[PDB]
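The block underneath contains the structure these notes are about, expressed in structure tokens.
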Amino acid sequence: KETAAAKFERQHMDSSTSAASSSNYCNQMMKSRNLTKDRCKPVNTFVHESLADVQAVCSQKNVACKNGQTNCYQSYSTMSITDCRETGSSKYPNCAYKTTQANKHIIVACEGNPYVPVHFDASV
Ligand SMILES: Nc1ccn([C@@H]2O[C@H](CO)[C@@H](OP(=O)(O)O)[C@H]2O)c(=O)n1
């Protein structure tokens with residue numbers, strides 16, 4: 001019965017690789033972090049930075065969330081990210097994903113004590 005913090009870590013942290021090497025990256029990770037479970041999640045980002053590097057973003061540039069909440073934060077620097085997106089071919093439980101590897105800034109929603117990332121709002 002996962003915390004919000006632990007859930008974000010399971011969804012979004014990939015500190016083990018520096019980048020998506022393969023086109024297959026999304027397919028394996030989405031399945032592997034248990035995200036194709038009941039359904040094919042349409043979009044999920046994975047962050048190839050340290051967990052402390054991503055926790056620090058909660059203290060960077062404060063922006064609106066796309067929900068117009070005001071507890072989101074843009075990283076000052078770019079970061080290695082893998083964007084995973086369902087193709088139109090895709091058919092649950094046979095989820096298929098297009099892998100895009102980029103260096104982008106991330107925007108996260110933080111909460112709690114400690115104030116850590118609980119949502120992945122977007123990358124820019
Ligand atoms: N750019 C984006 C946009 C959405 N998402 C995923 O899609 C969801 C929004 O519907 C996110 O939920 P969380 O912010 O709870 O992680 C997230 O896990 C993402 O991972 N990257």
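Note: hydrogens, waters and symmetry copies are ignored here, and every other heavy atom, side chains too, is used. Nothing fancy with the numbering, it's 1 onward along the sequence. Atoms within a ligand are numbered from 1 in the order they appear, just like the ligands themselves.
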Minimum heavy-atom separation for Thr82 and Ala20, please, with both atom names.
OG1-CB, 3.3 Å
Just wondering, are more than 12 heavy atoms of other shown residues or ligands nearer than 6.0 Å to CZ in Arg85?
no
Atom 2 (C) of ligand 1 within contact range, any protein heavy atom under 4.0 Å:
yes
Shortest non-hydrogen contact from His105 toward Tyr76
CE1-O, 2.8 Å
Given the options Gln101, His48, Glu49, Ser80 meets side-chain hydrogen bond (donor to acceptor under 3.5 Å, both in side chains) only with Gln101
Contact partition for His12 relative to ligand 1, non-hydrogen atoms under 4.0 Å:
side chain
Give the minimum heavy-atom separation between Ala5 and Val116, together with the two atoms involved.
CB-CG2, 3.6 Å
min-distance protein heavy atom vs atom 7 (O) of ligand 1 -> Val43 O, 3.5 Å
Taking heavy atoms and a distance under 4.0 Å, where does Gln11 meet ligand 1: side chain, backbone, both or neither?
side chain
Name the option, out of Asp121, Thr45, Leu35, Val118, that contains the heavy atom nearest to atom 21 (N) of ligand 1.
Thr45
Is there at least one pair of N or O atoms, one from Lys41 and one from ligand 1, spaced under 3.5 Å apart?
yes
Residue, atom name and distance, where the atom is the protein heavy atom closest to atom 15 (O) of ligand 1
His119 ND1, 3.1 Å
Hey, what's the ring geometry for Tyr73 with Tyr115, parallel, tilted or perpendicular (30° and 60° as the breaks)?
perpendicular
In the protein, what heavy atom is nearest to atom 11 (C) of ligand 1, and what distance, to one decimal place, separates them?
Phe120 O, 4.1 Å
